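In what follows, a single structure is set out as structure tokens and then discussed.
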Amino acid sequence: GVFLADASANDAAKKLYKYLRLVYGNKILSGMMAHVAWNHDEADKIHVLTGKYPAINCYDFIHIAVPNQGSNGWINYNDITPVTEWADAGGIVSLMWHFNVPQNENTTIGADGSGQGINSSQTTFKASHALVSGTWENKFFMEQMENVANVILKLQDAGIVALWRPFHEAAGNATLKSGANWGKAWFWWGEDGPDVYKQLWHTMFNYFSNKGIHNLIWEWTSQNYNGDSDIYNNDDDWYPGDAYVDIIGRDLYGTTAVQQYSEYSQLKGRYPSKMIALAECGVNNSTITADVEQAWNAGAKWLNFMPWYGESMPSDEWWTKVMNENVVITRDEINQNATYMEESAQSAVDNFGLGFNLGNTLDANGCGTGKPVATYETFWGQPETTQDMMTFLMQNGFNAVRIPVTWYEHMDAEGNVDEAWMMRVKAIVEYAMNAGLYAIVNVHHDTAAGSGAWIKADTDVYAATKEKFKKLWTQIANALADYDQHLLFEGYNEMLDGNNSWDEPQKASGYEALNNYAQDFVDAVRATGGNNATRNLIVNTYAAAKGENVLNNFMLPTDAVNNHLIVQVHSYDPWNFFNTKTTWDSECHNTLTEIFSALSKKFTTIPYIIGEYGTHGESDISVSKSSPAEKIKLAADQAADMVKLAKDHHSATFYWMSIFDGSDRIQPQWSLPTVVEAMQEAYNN
Amino acid sequence: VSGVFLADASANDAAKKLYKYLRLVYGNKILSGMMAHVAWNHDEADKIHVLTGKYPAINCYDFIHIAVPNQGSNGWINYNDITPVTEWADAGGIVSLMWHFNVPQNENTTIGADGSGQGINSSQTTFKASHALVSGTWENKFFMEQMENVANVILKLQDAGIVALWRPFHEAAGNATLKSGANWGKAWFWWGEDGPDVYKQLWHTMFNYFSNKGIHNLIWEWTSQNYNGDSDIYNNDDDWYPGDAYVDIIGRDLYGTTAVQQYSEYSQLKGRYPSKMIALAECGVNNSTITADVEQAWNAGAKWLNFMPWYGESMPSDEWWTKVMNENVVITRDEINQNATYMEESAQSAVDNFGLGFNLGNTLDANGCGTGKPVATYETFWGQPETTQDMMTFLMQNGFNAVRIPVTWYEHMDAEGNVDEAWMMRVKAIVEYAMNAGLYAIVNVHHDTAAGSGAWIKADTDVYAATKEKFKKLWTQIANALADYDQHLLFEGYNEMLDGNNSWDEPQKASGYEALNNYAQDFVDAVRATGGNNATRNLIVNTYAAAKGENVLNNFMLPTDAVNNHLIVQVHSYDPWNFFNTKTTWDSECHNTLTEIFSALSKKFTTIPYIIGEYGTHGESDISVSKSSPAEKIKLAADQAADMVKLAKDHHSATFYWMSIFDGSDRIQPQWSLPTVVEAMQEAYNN
């Protein structure tokens, strides 16, 4: 399921990337620049001060063109010991290249490093000419590429893999809106424009792979908006492409926690399938750079950070804090053999992003027992689920899928789940895990008002079903036990009392039955151990409702581990608005505002999610492709408000079905592109 | 002997003899042990004998230095000289063996004659556990060569008639079971550093390698980390367990622990490994804490098979050893007798060891087909299948430790009161099923009492005068026929004795209590008089109707015994009567009913332990739970059983379920009839 930009990456590169995907959004990897080029002297200083090494050490090929390496006294790339020592100690290797060039055609680089430049103010080197065969720019370009490739080949020879960040900060200030002549790139590889820049990237990528380099994870450094979208466009035109990039990086100096959050989220929104990293940071003459944990807590959940050396280096006080922060991975804490990494419930909810319900699929039911698996899955008109569906969601800015499952027709007389059915649930879970999504598996039309429902908030029903319910969840937990923390369990969907009372139970003992089921669900899952000892679990209120009585009578289950429970409610409010409202007016907006207000007041340390929302009202009527334009706009306005309010309250939402429905899933394509558009603009802003 | 089946199916006679001895003392006494001074000696045991005049029962030796070259001429270690082991065994000591599996520090390192060049984990060596299994690696070559070296020593020990506990690959999980996944929680030995699947492969490879080489003198001991002392942050290491076919004993290594901590560790492992014996494989002091006194840990409930302190800074003080070696619960070397067939046990100790109990009802107690029928006609007369060995093995394998075997005798007695030999042989055969399985067993006199048509033992002055000699003649025969079974077999004199009018709550006349107490005295006198094992065997006496009311308890007089602490009182409880018909949930009234019962029993009986010999859902019309009962009624039965077991445990008692959980055709599978009820009982007892 691992597919890097380099389709022929060796097993160690795929292992490193799989590890990065494991920690992404969970913890942040520490890093430090080399003192200039080819060493880990700055990491050594951090170790003496704090007793800990940074996880990553970055090296620079800046001076690869200097002659007499091995006798010039200050740089020798032929000795790979400075890198080999770091990897052998367990550290992660990062590589970059300040691509120095001769100042003109007659200048020869000296053993002292003389005669080099990096932009038009220092050299006549033209990015254009570097690409045409048989030019002094080209022959210098191609044989320094050769020299660095030879060093990387020797690194690969010793089992080294690395992050590779060439051609960084390409756009510079060229994205300035006014066009004033200080709006320019500051590196030669960006001064002839984006299209030549992309071709430089493609040439290096192709040249490296044809030399046999397959140990690199490719990282491209975005300028985003240079800190001011009022003044700059973004640098999307400079993106080399999804087939040539693994990680998007950003370079920030003197930035606060809240500025980091803005940069991270904007980048994440425009590059959904990519991880975002703080490729360079540090202080400047005006301000220091934010504390790593504080910026993380603000939502700047970078893959890694790496300060620059010298005058950009944070103080000793800063490093003392950062290296001792729990969210920060230091070198001793790297475990690329881990298949699971515990994540707090709040952290998971903040990484759900936009969510989607795969409804009317595995929750479909009513054809009887003993039928083929595909007969259940398509019984309500949906196509069979495929990997491309999960891939489409991830590529299009969604990070979480809720997978409703109805179980009663797949359980024999003794409560055992049909193996073919459980295997199908696993395959769809695997689709989502392979895509990099968060996934929720639940127990769905076994609750509520259907004919086959058997889990009910009722004293006598609970007594007759307690063991069946725990036996069901033991089977589910054991069958999905090996999936990592991206998979969550939801104990039950919309539990009602024996009269199917939707707002609240007729008798208060109904709350007691609900709370017991919830406790039994947590107990049965935790009893299986392994990853399930700390997997995040989701507990729903009565009827997934949000009234004051339901919330006041909701009791969170007792858990032996801390911060691994989420509460879920559903919201089609204001009820039946799609049939009765023409526009999403202030009464609609205020209804949602009070819902989130009430929830945030009730749950202070426990995260909650909006597990379903949409236009569905009375008689199952809802929006579709054919709806009038104003009705589709009514759906778009609801979803935009829902997504924005949830973000502001540190929650998450899962759209019920309508945006990705039926034959559209097979295409794959959005059923409602305008609604998805409004959601993305609401979240990503 | 015949009933012994070790993990090594080809274990030799001497190993089976030692194993039978271990089972004889288990839960009765604790075997003292001591570690060698580092490796291949009994120097620390010798110092114990200097200080106390007594040797520890076990000395443990370590193969830690097996790879050191020039053995015989390096001047400090030589495993080819097995004298340090044979000296000890010849003197009557029990041998234990372990192996700190040292490996070279890297592929180019040669272990020196001085011990240099070795390491034991990834901080000291590049040796990888996964490579040790792969033929063609430098790890695998070293691994197989040291395994052959150790196997050759053990083969020499086997030729000298030595048998041993074998504890390889210990503490495998280390801290790798940490719930979070932070890599400060990792294995501290190389054999756990590649995870539980590689580890079990290593275990199986060694087990099969040794067996193929003809090593059959080992009792295999697997060291569990349990929860590393904190289940809130650790998973247990169940995924590391090599399996029932590869393990005989579960060990735990505890340093600086209290009595209550040791009890928690012992009881948790016992609940998860019910068919295995639990041992304190390593103990000692650390910086901050002494290790607990053995007797204080034992009486808190940590009834380990053995204990063994480590040497050096972990060694307990001389005052600690002087106390421990003089405690009656501790076996020292001079007290070892592997030829013993019986070991006296106090009534309280046995009741504590009963754990979860089961009644094999409606089987040997079935009656009514007349005299002179085949044995199987009686045993299957009430619908139960003929009892087999597999039934008793199933109980031990599934967390039960005691079985009550009701027997009705009147149809197998001739006019002069002689019991038919074929019947007595069948009773003996079923007792032997239970003994081989390692269970406690109770044999009684059942439907010869109470309301049935053949009952003849009655709480009545005249009935007693007419039947006292027949009753004593019956128990003389039973006791003589069962005399040779060890202390795990108990006698229960009578079941539910009523007066001449079958009055259930109380006798009509107080002379009924007098008759009851006289039968109870005659039962004890008859059994004690047969001598031998029966002089000290634990015996069980029942109250009137096995009832618990105020008058019945007030008028119950325990018989006078010739020995101390070998009597148990038994009552039955189906309270609140007929609840299974009249109640929907096990509520506060049900719970309060049982707590007052146990309060009343504990007030009346103090040093005298008591048991609940029968309990269940059986009410009027003898209607009760079955697998076809509604699920909410099964829940009712589960909640009763869970309450009964927990209450009895807290009151230092024990309980025997009447039939319903293991019934009819389910016995011959074998499988539980009511798995959720049993699960409720196991969770209640083991928590």
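Among all the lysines, which ones have a C-alpha under 24 Å from B:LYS276's C-alpha, if same-chain residues fewer than 8 places away are not counted? Result set, ordered by chain and number: B:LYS16, B:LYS17, B:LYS20, B:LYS29, B:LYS200, B:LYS303, B:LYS646, B:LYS649. Look at B:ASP462, B:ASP587 and count the other Cβ atoms within 10 Å of each Cβ; fewest to most, that gives B:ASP462, B:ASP587. Mean partner shielding of peptide B:233-241, defined as the number of other chain Cβ atoms within 10 Å of each residue Cβ, is 2.
How high is the relative contact order of region A:1-339? Use alpha-carbon pairs under 8 Å, at least six apart in sequence, and give a whole percent.
Relative contact order comes out at 22 percent.
Beta bridges per DSSP, both residues in region B:342-687: antiparallel share near 5 percent. Each of the peptides A:543-551, B:410-418 was scored by the mean count of other Cβ atoms within 10 Å over its residues; in descending order, highest first, they stand as A:543-551, B:410-418. Listed by chain and number, the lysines whose C-alpha is less than 17 Å from the C-alpha of B:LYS548, apart from same-chain residues fewer than 8 away, are B:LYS603, B:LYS604. Computed from the Kirkwood radius of its Cα pairs, the Stokes-Einstein diffusion coefficient for region A:44-157 at 10 °C and 1.306 mPa s stands at 100 µm²/s.
Computed over all pairs of different Cα atoms, the Kirkwood value for the hydrodynamic radius of chain B is 27.3 Å. Shown for A:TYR483, A:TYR59: other C-beta atoms within 10 Å of each C-beta, ranked fewest to most, produce the order A:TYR483, A:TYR59.
Peptides B:571-579, B:668-676 ordered by packing proxy, namely the average of other Cβ atoms within 10 Å per residue, highest first: B:571-579, B:668-676. In plain terms, the chain from B:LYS213 to B:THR83 could stretch by 44.6 nm, reckoned as 0.36 nm per residue minus the Cα-Cα distance. Normalising the average separation of contacting C-alpha pairs (under 8 angstrom, six or more residues apart) by the number of residues puts the relative contact order of chain A at 11 percent.
Over its Cα atoms, what ratio of radius of gyration to 2.2 N^0.38 Å does region B:97-236 give?
1.12
Per-residue mean of foreign Cβ neighbours for A:459-471 is 4 (Cβ atoms of other chains, 10 Å radius). Directionally averaged projected area (the protein assembly as shown, Cα convex hull): 60.1 nm². Taking the square roots of five times each eigenvalue of the Cα gyration tensor of region A:569-685, the equivalent ellipsoid has semi-axes of 23, 16, 13 Å, listed largest first.
Per-residue packing, averaged as other Cβ atoms within 10 Å, sorts the ranges B:226-233, B:394-401 into the order B:394-401, B:226-233, beginning with the highest. Could you please rank B:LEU498, A:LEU20, placing first whichever residue has the fewest other Cβ atoms within 10 Å of its Cβ? Least to most surrounded, the residues fall as A:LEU20, B:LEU498.
Shape class of region A:478-611 from the alpha-carbon gyration tensor: prolate, with a/c at 1.5 or above and a/b greater than b/c. Normalising the Debye intensity of region A:340-685 to I(0), with uniform scatterers on Cα atoms only, and taking log10 at q = 0.13 Å⁻¹ returns -0.99.
Once you average over the residues of B:627-638, how many Cβ atoms of partner chains fall within 10 Å of each Cβ?
Per residue, the average neighbour count from other chains is 3.
Over chain B, dividing the summed -39,500 (n - 2.57) contributions of all DSSP H runs of at least 4 residues by the number of residues returns a 222 nm mean residue ellipticity of -10500 deg cm²/dmol. Annotation: the antiparallel percentage among DSSP beta bridges lying fully within the protein assembly as shown is about 10.
Most simply put, chain B has about 10% antiparallel DSSP beta bridges, counting only bridges with both residues inside it.
Residues in region B:140-146 carry Karplus couplings, in order, of 5, 4, 5, 4, 5, 6, 6 Hz; the curve used is 6.51 cos²θ - 1.76 cosθ + 1.60 with θ = phi - 60°, and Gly or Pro positions show x. Take the Cα of A:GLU419, step 7 Å along the line toward its Cβ, and report every residue of region B:241-280 whose backbone nitrogen sits under 14 Å from that point. Answer for this model: none.
Taking amide H positions as modeled 1.01 Å from N, with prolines and chain starts lacking one, the residues under 5 Å from A:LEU354 and 5 or more places away or on another chain are A:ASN399. For region A:247-378, report the % of Cα-Cα distances exceeding 27 Å. Distances greater than 27 Å cover 38 percent of the Cα pairs.
Label separation (A:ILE606 vs B:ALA562): 6.7 nm, computed from points 7 Å beyond Cα along the C-beta direction. Between A:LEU488 and A:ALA439, A:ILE440, A:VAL441, the built amide H atoms are under 5 Å apart, and every one of these is 5 or more places off in sequence or on another chain.
Rounded to whole numbers, the Karplus 3J(HN,Hα) couplings from phi for region B:206-212 are 5, 4, 6, 4, 5, 5, 4 Hz, using 6.51 cos²θ - 1.76 cosθ + 1.60 with θ = phi - 60°, and x at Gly and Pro. Checking the Cα-Cα distances for A:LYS211/B:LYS186; A:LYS426/A:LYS470; A:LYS45/A:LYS154 against a 30 Å cut-off, the pairs over it are A:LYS211/B:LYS186. With the simple spin-label model, which puts each label point 7 Å out from Cα in the Cβ direction, the A:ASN233 to A:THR135 separation comes to 2.4 nm.
Every residue, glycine among them, receives a Cβ derived from its backbone with ideal geometry; neighbour counts consider all protein chains shown. We did not get these values from a lab; they are worked out from the coordinates using the rules stated.
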